[PDB]
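Participant: Residue numbers (my numbering), protein chains in the order written: chain A, 42 to 196; chain B, 1065 to 1124; chain C, 243 to 683; chain D, 310 to 758. Just dropping this structure here.
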Amino acid sequence: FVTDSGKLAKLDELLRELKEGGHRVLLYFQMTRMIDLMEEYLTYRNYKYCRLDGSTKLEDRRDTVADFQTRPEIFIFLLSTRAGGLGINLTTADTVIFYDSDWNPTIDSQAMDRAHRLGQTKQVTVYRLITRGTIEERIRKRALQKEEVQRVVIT
Amino acid sequence: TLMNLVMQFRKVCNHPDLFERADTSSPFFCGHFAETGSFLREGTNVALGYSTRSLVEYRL
Amino acid sequence: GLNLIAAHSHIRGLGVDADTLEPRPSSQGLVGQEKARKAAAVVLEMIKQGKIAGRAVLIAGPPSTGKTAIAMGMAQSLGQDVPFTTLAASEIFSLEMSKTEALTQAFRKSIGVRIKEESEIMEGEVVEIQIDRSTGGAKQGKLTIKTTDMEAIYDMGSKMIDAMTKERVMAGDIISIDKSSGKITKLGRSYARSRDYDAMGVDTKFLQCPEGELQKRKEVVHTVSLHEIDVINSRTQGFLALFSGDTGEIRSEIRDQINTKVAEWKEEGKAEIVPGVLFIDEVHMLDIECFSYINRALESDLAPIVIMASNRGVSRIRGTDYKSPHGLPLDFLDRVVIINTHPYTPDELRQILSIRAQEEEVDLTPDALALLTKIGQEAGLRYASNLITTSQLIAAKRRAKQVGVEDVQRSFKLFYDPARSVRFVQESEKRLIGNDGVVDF
Amino acid sequence: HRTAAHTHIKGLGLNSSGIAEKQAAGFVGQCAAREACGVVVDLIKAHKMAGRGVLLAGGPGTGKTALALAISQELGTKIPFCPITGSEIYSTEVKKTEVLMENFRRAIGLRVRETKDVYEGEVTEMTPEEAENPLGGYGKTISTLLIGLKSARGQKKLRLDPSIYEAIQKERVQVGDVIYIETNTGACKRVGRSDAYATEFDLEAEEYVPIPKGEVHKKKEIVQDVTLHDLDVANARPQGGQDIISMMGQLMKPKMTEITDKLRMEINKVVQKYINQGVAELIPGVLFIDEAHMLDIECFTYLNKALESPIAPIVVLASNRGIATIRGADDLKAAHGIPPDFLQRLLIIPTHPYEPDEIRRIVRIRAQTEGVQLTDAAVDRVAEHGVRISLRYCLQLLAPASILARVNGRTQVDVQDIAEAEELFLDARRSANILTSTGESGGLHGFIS
DNA sequence: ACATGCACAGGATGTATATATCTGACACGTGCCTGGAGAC
DNA sequence: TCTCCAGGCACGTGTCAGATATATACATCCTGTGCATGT
Ligand SMILES: Nc1ncnc2c1ncn2[C@@H]1O[C@H](COP(=O)(O)OP(=O)(O)O)[C@@H](O)[C@H]1O
Ligand SMILES: Nc1ncnc2c1ncn2[C@@H]1O[C@H](COP(=O)(O)OP(=O)(O)O)[C@@H](O)[C@H]1O
């Protein structure tokens, strides 16, 4: 499993280093089916995690987010990128990773704002795993473009 | 053949098991077991029976 | 489905008349051979008589003159009643056991015992099952079944409820409770409860309810040879040996005691002995150590009739160095009685090719059939019978319907008959490895 | 990624009308053999075959087995192809006719759908319930259990036989181990500790898996590719079930045994019962017996009855012999080593030697296949060696001449590198000439004659 | 000169991933009291 | 007839199967209509 996906194989290396550093990760996905696959992987490598996606009921949301923030044993939070509005605070996490990018820049921007916010203390680092030679690079361009239009007009 | 190929592409890059995952298979079985009829009858307290016989029979 | 067209899938019996023993020239596949088929008819009618020992008939003749054809005709003209056993004579030279004993087992495989005894079975759709497992256990329960006619309730013993949860009998199964043992063979599923089956495939067969009474007696007839009983009475659970060949040298006192109990079964009327046929194909591949045992295994009361086929002329006997007719020693040729065959006239060649064409369902123009008969005059039956299957496919290359001269002349062009292959070897000596030399251009 | 002797062959290279076009898909020339091999391939893919004999004659070094790999890459992956030799069947456990029939039933395949019935749960309560056990020597005996499986949606509390309990017991299933009782045999593989008992302070190196989602009584269908010889071995030495013959039969050493006629007929009737239920599909194949002249007369006797069967794969024999003596009986000589009675079954395909330009094309294809580029004068030199010495000698003078080229800083192979490799590495003919000339007398500096 | 047939314009429809909302019917918990059950 | 209590009734509640739009992208089907060709 971990080698049949190039991203997953590279995420493994990165999570081992992050763990040994004592970093805490929000890890963002654009597909909840993948959220499931991963859920497995994390069980294998025996890391503690939470989950919040569009299936996660509202008071359960409150509960999970509060955990991640209360109890530092949890290393990864698996978050669906569009799920959860503005105003979930995860500033105990110091690392964000995007397993896959959105076509819309702002949705990834709003996602990393969950770490980078008032009351954050440590320096947030944002990984972005890109599969070279595939649609993922297309996406990344098309999104940097869009961000150029935002930069030109709303300045 | 698949419809939304940009969606299909992203799935591949994520993990091939999004498509067709494997799962503890097993070797082929030649004998004659007993198939369960339905799921909605034997509710909670059921008993398994060793029903394994060979299809090769020898009649004496 | 496992009925692929072989080189003898057109023979549906010996084809001769059974009233005046006349070999009518074209019936059931065997076409043309007359005197040999009448002699095989006489041998066949004295096999079903039973009042003769194990004798020996040698089907001698040239290659591809219909010897395995006559043997397969006698095999099809007996049904699954009298045990016919084929034996190509190189299955004897084994390493699990000796060689004379491997021959003895092939004699014992062709003497059947036919006994007929009754059982009591139950048909019918299960209407419902209630089992009083309440902590309780398999103690009591009710079984309601029906046919189209009957309907009944039975109460069950503990050693029947443990067979009902063993086969998992649903409400709607078509089961066969053998009453004397307790096994349950589900014959299928009833159609009328097609909604009540969720854990089945989308494509699933369904039967109807069984017709008639629900409690009937069957007169099944079993037939097992003496080698079956020998291998059964050889180990603890030894019948697996005759499915895995791991039987060894069976001691002879077991065979003697079983030869005694079969006679005691016959004299009490409990049994009946059926002498079978043993066909030793290619009998020239036996050494003299075999013939010095076949000369005495054809002496006892319990000996099947041996039919055997030889190709060789004056050839050597294996094991020894001196030559003999048919590859057989003369003290054994005193035992056998020889049927000689003949080569085939061209019209018989034409209608044998016609039968082989109608068997594979290949359309032929009569010009192509004339050309194919002309080829078979010069290259034998096997070459033309393969040119048929090749020419159908070559006609299917260029999308044709009937084969013609333009496809038989291609099959004759690509695939050499063995005479031109011998000419090819004789005219390409220096590159083909004769014994010593390899020359590379 | 290893260039073997047969790597450039990618198929027969036939047109739509079945006409062989030369220098296509690996081969060079060889028309009358490749058209006949295409006819053989479409004879295989039409299923009107129950034993046909196809002989591949021709001298050594003319590409008899190149046609065989062309056939095996033209049929496809899902058709059985069993290549053997003539020396492979002389065994020490069984008679060689058993090895012939085992290859004949390796060459017949079957594609079967199966419905496995797993019970995939997490063990909650494991409690044995022994029965009455009077004075009979062995003592008590566990006869009934109460194992509770707990999946994600709806638990179940089931009761077991003694044999499935022994299947559990030889797997060391504690409380917490997820398992998957297979109710076809009875086998049950422990997967690991459930993640509800997870602790990073652990030492057993267990594999923690989550609770299996879905119903605890699943039912899944798969497709399986099984040959008839696999069924023969399965019913011969049993290794499935939970009784004693099928458990003490997998601790012994495995031995090839003589699967008799009765098992080979009963498995045919079982497979016909599968086909009549609309489940299994039969796909016959090829037995390629290379070097058929090594088979002795006791094997060509048995091939007659092995091909008279209503189900028998097509045989493709290869034999690079002229008029030779059969191995079994040393007093009748025949063509190819095949006996003159067995030879009439065969549809004999000839194979002719090559030409001084076809050798040049084969050298060019082999050089661009291995990855050795070179000049045209060097190609002419290697073709000159190919005409004079042998075909598969001059192909082998490309692998040192690359390395020697890389010695001298070159990339392409020139005349000097082949002119040096023809002196370092010799053929058989000049070596035998040196042998006869120098080895005049036996002694200190002689050869053992 | 008129009619019919064949391809541009660019729009509406469509495919696929979870998100963000929602609604009403079913199931379950609570409280209580009267009438179904006891038995002489 | 004197006696008891639990089954059932009224009342909340809570949740989730099928349904309402959709950001994120793009290919595709559709057919009004214009132009060209043929009669
Ligand atoms: N009388 C016949 N009728 C039909 N086919 C025949 C007859 N005689 C021979 N054949 C055919 O000729 C072929 C050779 O017969 P066979 O007995 O196999 O030759 P051999 O005796 O050399 O084994 C067989 O395939 C069979 O189909
Ligand atoms: N038509 C051909 N095209 C290309 N290479 C060939 C051809 N025929 C033979 N060869 C070469 O000859 C070599 C040996 O052929 P092979 O089949 O082993 O000879 P044999 O027929 O003696 O077994 C192979 O490496 C193959 O590359």
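Ideal placement from N, C-alpha and C gives every residue a C-beta, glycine not left out.
When the distance is taken between beta carbons, is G518(C) closer than 9 Å to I547(C)?
Facilitator: yes
Participant: Check whether the Cβ of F597(D) sits closer than 8 Å to any heavy atom of ligand 2, and report yes or no.
Facilitator: no
Participant: Could you tell me which residues DSSP puts in a beta bridge with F666(C)?
Facilitator: Looking at the DSSP assignment, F666(C) forms no beta bridge with any residue, so it has no partner.
Participant: With a CB to CB cut of under 7 Å and the five nearest residues on each side skipped, what residues in its chain are close to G549(D)?
Facilitator: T494, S555
Participant: Please tell me whether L604(D) and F413(D) are closer than 9 Å, where the distance is taken between their beta carbons.
Facilitator: no
Participant: Strictly below 9 Å CB to CB, what residues from chain C border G1095(B)?
Facilitator: Within 9 Å Cβ-Cβ: nothing; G1095(B) doesn't reach chain C, min ~14 Å.
Participant: Mapping the DSSP letters down to three states, classify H538(D) as helix, strand or coil.
Facilitator: helix
Participant: Got a sec? Which residues, its chain only, sit under 6 Å from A278(C) by beta carbon, not counting five neighbours each side?
Facilitator: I581, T583
Participant: Using three-state DSSP, classify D440(C) as helix, strand or coil.
Facilitator: coil
Participant: What residue ranges within the stretch 560-647 of chain C form continuous beta strand (DSSP E) runs of no fewer than 3 residues, ordered along the chain?
Facilitator: 565-567, 579-582
Participant: So the alpha helix (DSSP H) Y474(D) belongs to, where does it begin and stop?
Facilitator: 471-478
Participant: For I393(D), which residues from the same chain have a beta carbon less than 8 Å from its beta carbon, with the 5 sequence-adjacent residues on both sides left out?
Facilitator: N412, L596, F597, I598, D599
Participant: Could you tell me the alpha carbon to alpha carbon distance between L345(C) and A545(C), rounded to whole angstroms?
Facilitator: A straight line joining the alpha-carbon of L345(C) with that of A545(C) spans about 12 Å.
Participant: Any Cβ of chain C within less than 9 Å of the Cβ of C608(D)?
Facilitator: Chain C contact via Cβ: present.
Participant: For the stretch 1072-1085 of chain B against the stretch 46-53 of chain A, are there 3 or more C-beta pairs whose distance is under 8 Å?
Facilitator: The answer is yes - the stretch 46-53 of chain A touches the stretch 1072-1085 of chain B, with three or more Cβ pairs under 8 Å.
Participant: Which residues does DSSP pair with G511(C) in a beta bridge?
Facilitator: None; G511(C) has no bridge partner.
Participant: Using a C-beta cutoff of 9 Å, does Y140(A) count as contacting chain D?
Facilitator: no
Participant: Report the three-state DSSP secondary structure of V258(C) (helix, strand or coil).
Facilitator: Secondary structure of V258(C) (DSSP, three-state): coil.
Participant: For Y88(A), which three-state DSSP category applies?
Facilitator: Of the three classes helix, strand and coil, the one that applies to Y88(A) here is coil, per DSSP.
Participant: Return yes when at least one heavy atom of ligand 2 lies under 8 Å from the C-beta of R577(C), else no.
Facilitator: no
Participant: Counting only C-beta atoms, is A375(D) closer than 9 Å to chain C at any point?
Facilitator: no
Participant: Return the bridge partner residues of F335(C) from the DSSP annotation.
Facilitator: Per DSSP, none; premise fails for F335(C).
Participant: State the start and end residues of the unbroken beta strand (DSSP E) segment that holds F734(D).
Facilitator: Neither: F734(D) is in no beta strand (DSSP E) and is coded neither H nor E.
Participant: Which same chain residues, not among the five before or five after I617(C), have their C-beta less than 8 Å away from its C-beta?
Facilitator: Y625, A626, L629, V650, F654, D659
Participant: Run down chain A in chain order and give the residues with a C-beta less than 7 Å from the C-beta of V518(D).
Facilitator: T84
Participant: Residues in the same chain with beta-carbon distance under 8 Å from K60(A), minus the five sequence neighbours each way, listed in chain order, please.
Facilitator: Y88, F116
Participant: Which residues does DSSP list as the beta-bridge partners of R1117(B)?
Facilitator: Residue pairing by DSSP puts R1117(B) in a beta bridge opposite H1096(B).
Participant: Determine the direct distance from the alpha carbon of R181(A) to that of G174(A), and round the result to whole angstroms.
Facilitator: 12 Å
Participant: Thinking C-alpha only, which one of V165(A), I138(A), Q151(A) is nearest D53(A)?
Facilitator: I138(A)
Participant: State yes or no: is the C-beta of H356(D) nearer than 8 Å to some heavy atom of ligand 1?
Facilitator: no
Participant: Which residues, taken in chain order from the stretch 403-435 of chain D, show a beta carbon closer than 9 Å to some beta carbon of chain B?
Facilitator: Per Cβ criterion, the list reads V421, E423, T424, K425, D426, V427, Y428, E429.
Participant: Can you list the residues of chain D that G1101(B) reaches, using a CB-CB cut of under 7 Å?
Facilitator: Within 7 Å Cβ-Cβ: nothing; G1101(B) doesn't reach chain D, min ~11 Å.
Participant: Run the CB neighbour count on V556(C), radius 10 Å, all protein chains shown included, and call it buried at 16 or more, exposed below.
Facilitator: By the neighbour-count rule (16 or more Cβ atoms within 10 Å), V556(C) is not buried but exposed.
Participant: Taking the C-alpha atoms as reference points, what is the distance between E531(C) and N475(C)?
Facilitator: 28 Å
Participant: Of all the residues that make up the stretch 167-189 of chain A, which are near chain B by a beta-carbon distance shorter than 7 Å?
Facilitator: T172, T175, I176, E177
Participant: Just to confirm, does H315(D) get its C-beta within under 8 Å of one of the non-hydrogen atoms of ligand 2?
Facilitator: yes
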